[PDB]
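These notes are about the structure you will find just below.
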Amino acid sequence: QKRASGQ
Amino acid sequence: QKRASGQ
Amino acid sequence: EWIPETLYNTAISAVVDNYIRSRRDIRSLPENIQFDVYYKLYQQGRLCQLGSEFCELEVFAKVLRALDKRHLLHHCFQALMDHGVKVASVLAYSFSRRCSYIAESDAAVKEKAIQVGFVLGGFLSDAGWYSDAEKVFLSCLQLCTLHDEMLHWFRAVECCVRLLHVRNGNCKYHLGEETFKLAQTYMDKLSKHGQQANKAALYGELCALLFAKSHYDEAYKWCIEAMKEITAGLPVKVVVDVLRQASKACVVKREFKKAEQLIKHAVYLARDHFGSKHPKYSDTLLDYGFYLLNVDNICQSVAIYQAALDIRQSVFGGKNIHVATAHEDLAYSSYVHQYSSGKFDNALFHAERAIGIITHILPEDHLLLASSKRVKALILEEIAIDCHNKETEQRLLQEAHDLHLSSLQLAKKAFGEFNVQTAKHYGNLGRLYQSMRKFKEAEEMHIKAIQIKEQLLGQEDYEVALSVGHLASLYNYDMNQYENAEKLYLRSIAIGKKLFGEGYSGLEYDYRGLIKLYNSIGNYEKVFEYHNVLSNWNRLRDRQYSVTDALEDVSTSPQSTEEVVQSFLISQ
Amino acid sequence: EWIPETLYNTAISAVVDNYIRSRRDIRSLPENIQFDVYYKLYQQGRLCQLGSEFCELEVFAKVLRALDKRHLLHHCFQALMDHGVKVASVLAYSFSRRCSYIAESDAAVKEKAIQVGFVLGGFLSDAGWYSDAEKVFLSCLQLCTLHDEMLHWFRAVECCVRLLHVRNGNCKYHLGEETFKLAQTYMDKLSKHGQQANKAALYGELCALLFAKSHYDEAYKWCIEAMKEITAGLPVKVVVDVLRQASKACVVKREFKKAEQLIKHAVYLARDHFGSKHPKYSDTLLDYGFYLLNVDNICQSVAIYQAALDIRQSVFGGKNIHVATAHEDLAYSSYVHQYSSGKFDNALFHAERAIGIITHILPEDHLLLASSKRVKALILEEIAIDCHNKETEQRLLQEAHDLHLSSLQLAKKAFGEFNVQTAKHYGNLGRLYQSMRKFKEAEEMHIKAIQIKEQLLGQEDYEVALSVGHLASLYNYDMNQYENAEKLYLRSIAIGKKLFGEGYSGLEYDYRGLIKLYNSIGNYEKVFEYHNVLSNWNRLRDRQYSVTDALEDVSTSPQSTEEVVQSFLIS
């Protein structure tokens, strides 16, 4: 998903 | 599948 | 089987059906019968000859004395509050008026009023109506300031510790420090009179406040103080609250070892004394789900929140602050759990539920409305990524932008610029800008967030690791600044292996980012190196990935009281 | 990088290219050089120029002294056997003829040829040519019988420990007992005359001979006796040989706590010394996978036969019995692992391969061909059920009927009527008759299957319980005798959890059958009483499913030698 989980 | 694994 | 009904449940039906002509004489019935008539009225759905009686303080005092059937009273009260009648505000105002009237009386009447206020404020704060519980606790505190006796000082301390719990839940943090100062003034003038009083609950409330205000070091120090001041003679509720708040402070302190013991002991001690239906058990499950979510154990956290919602969904009716908080926390947990899958069908429903409830009961500019909003906004940008439309994608990006910016404004107004929550809003806004193809603004927001967190949390923290991973993903995929992305990815993986070892879930994302980084710069040696590293990571994740069902992980009697606290204290 | 070739690897390719002229002079080269010339001929594919030299015994004596490059010799030897020329049978006969001529010689020349036989017969036995290794040892044995002193008695028992090993891979069990009895004659004579011989390797073979004839009661007795004679001075090859056979007798004894420590120590002891490529290491994995399949650890049992097969597919060429034996067990393991899924296409390929090899190298009436034949038949009957074509269903199920009966006859001819293997075919044939809609015939096979196993193994054993479940499904799903099936399902339930707990993955066909058992006789309260246990089985299986692979389970240096022996002996 191109990036880690949201904060 | 009802007779389990054959011996 | 057709079992005939008890004469009690038959006389109840014969009285309720006569309720118009007998409500004068029902108010003089025994307390255990009066609540049964009113619960029959709620069961029949006649929430108008019931709310006509719960709006009295004197009648609601007798109903509040039935301490066994209190889950039924919570459900009845929540049905009344959604019914349209304002039993929370009417009861609080009526008690404040009667309190101000009988302030000029002897100690017996004042004691009776203060006890009615304690039970009523405990009920309202337990139901969720924190804004309508201060008005009761402030009146009780006003009663406690009139005289200078020992019991009056101690009950003023009790008012100042319960009054702090109804302000942290209301996000009146600017008044929480004043409340703590008043409480410690009362504690000091109690100590000067040679009678020490327990301060575990007060310091636990300070821990909850300073963790909410993102004063993590202060939260850790004050939970240390609370658990130094905890004894065996404290009630179960105080011990559970201190344990769960200390657990919440320890996890954000990146100390996941003692926090596990504290939260396991808290969950066990709540599920033993209270049960699987009391809302305190639901609050402990909520804190345990927070702990599981912030140790990368999402698959158990989402299962715990699903439980923690169900207790609050059953006890607290429909539209409630606690049900909304469970919906919001579960929606974020489901958002993290299904982030890799990409599907969000119940996560969006739960995040919208937490805004569909809070907007109804809380004002437009309340902090709980902010955080919940943020969660929905996160889910929205995911639906931006998955959807193949363009106009719908742009509209959803704009909606997520509005939600993030309103949440950022609320957090920035109530917290200031230099806090972790404001920086988290900055980081989420940067991620959204990265989705919104505004890469310059995205890197600006991410840089600001990283600077704010590094200045506060230091150079190494899990949140800082997440922020630098997000910035590295922006650099190596969108802005093509590979040199910065390399060191950012190295920093992220270093913090991840420092905290969670090689089992961190974000290691998948940052290793894939490093793979595409080295592929873009052409260095295929490190491409194969991190390819085998990611193969090892997948192998170790698949080898250790099993359903645990942490609900029974506490089992029966895992530890003992006054033992987990001692280990926590001596492990410093 | 373009590195130039060594002058050795260049002069090798220059004398091989001039092999016809220099064939006479190559045989005079040193052993290290001479094997590298011959291996180059195999690399160039000129097997005819190579098998013309391995058929001579003297050259195959020189290329057998290269112990470093023995793994290349097995692949070079196996390539010759598939190429045509019977280089195993020619060497064995050429040794026996040459061995029979030095009978009237001194003890120096005779000991020279006996040592040639122990490395030649130790190679053919290692490569799988047991029918041709025995002819070498039987000639080496009759050299030791000529001289009747204390010196040569230790070699006659050294032949008989090896003769007992080439007569079990060849499935000549009825000669094995006579070999063991002849060994004790040469053991008691040596032991009495002030020289005690290590009776540890020899009793290990009986732990596999009596295991093969389903004498598990007698197998465990010689399992203990074998390990009581384990000494640190023994060769590692002998020590790992006793451990793997001891594990196979302990696993079939249905005690698994003592079984794991014997074979996990064996895998470690066969990996630090022999390495991850020597055939002995793959031999230990084959017996290690026997332990995994009987402890319901089926998930990583396939991965340990595939490792065992892949080692043998690289050392032992294409058509070898050791490769075929691995193909057999991998096919059975893939059969058991993917029984629930119902997809048998990799498993059928392995089972078909194990028959395409054994039928080529063994006679039509060989016992080892029977056991490899039943595995294809088990796979065929499941394909004959899963496939939706009635014409395919009938013909493929009939083909599996000829295989069991052919397999049963070979087992019944050598193992007799009263054995587990003979009864194992009765149970398999009983399951086949169930699928053949011959429910009347399927009754009497299982009854004969259980009665033989119950009489031999005992009233309560894992093999008996697994056979009962075959009969329980007959009385329940297609014969409607729910009263008879009620005790059968419960009988297997107690035994199934006796040695595996409620999380035994074979209980899925035992718990679900109980649900159908109560669906047609009323008593729907007990349906939910067994419905949560099925969920309990689901919970207790997947949670323990997540475990590391067995290859790294042994890790590096888990335990020590002469400690697992003492730990096992006292228990």
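All chain D residue numbers match Swiss-Prot; in order, they span 7-577.
Each residue, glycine too, has its Cβ placed from N, Cα and C.
What Swiss-Prot lists as repeat 'TPR 1' is D:50-83. Per Swiss-Prot, the feature repeat 'TPR 2' maps to D:120-153. Annotation source Swiss-Prot lists repeat 'TPR 3' at D:206-239. The repeat 'TPR 4' annotation in Swiss-Prot covers D:288-321. Per Swiss-Prot, the feature repeat 'TPR 5' maps to D:333-367. Summarising the annotation, Swiss-Prot assigns repeat 'TPR 6' to D:429-462. Per Swiss-Prot, repeat 'TPR 7' is recorded for D:471-505. Marked as repeat 'TPR 8' by Swiss-Prot: D:514-547.
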Beyond the flanks of the repeat 'TPR 1' (D:50-83) by 6 or more, those residues with Cβ under 8 Å of it: 22, 25-26, 29, 33, 37-38, 40-42, 44, 89-91, 93-94, 96-97, 100-101, 104, 122, 125-126, 129, 132-133, 283-285, 320-323
Tertiary contacts of the repeat 'TPR 5' (D:333-367), as residues 6+ beyond its ends and Cβ separation under 8 Å: 292, 295-296, 299, 304-305, 307-308, 311-312, 314-315, 325-327, 374-375, 377-379, 381-382, 384-386, 388-389, 392, 514
Tertiary contacts of the repeat 'TPR 4' (D:288-321) (same chain, 6+ residues out, Cβ under 8 Å): 77, 80-81, 246, 249-251, 253-254, 257-258, 260, 262, 265-266, 269-270, 272-273, 276, 282, 328-329, 331-333, 335-336, 338-340, 342-343, 356, 468, 506, 510-512, 551, 553, 555-557
Spatial neighbours of the repeat 'TPR 6' (D:429-462) far in sequence, C-beta under 8 Å, 6+ residues away: 220, 380, 383-384, 387, 390-391, 403, 406-407, 410-411, 413-414, 417-418, 423, 469-470, 473-474, 476-477, 479-480, 484-485
The repeat 'TPR 3' (D:206-239): DSSP-derived helix, strand, coil residue counts: 25 helix, 0 strand, 9 coil
Residues of the repeat 'TPR 1' (D:50-83) by DSSP state, where helix covers H, G and I: 22 helix, 0 strand, 12 coil
Residue counts (helix, strand, coil, in that order) that DSSP gives for the repeat 'TPR 2' (D:120-153): 29 helix, 0 strand, 5 coil
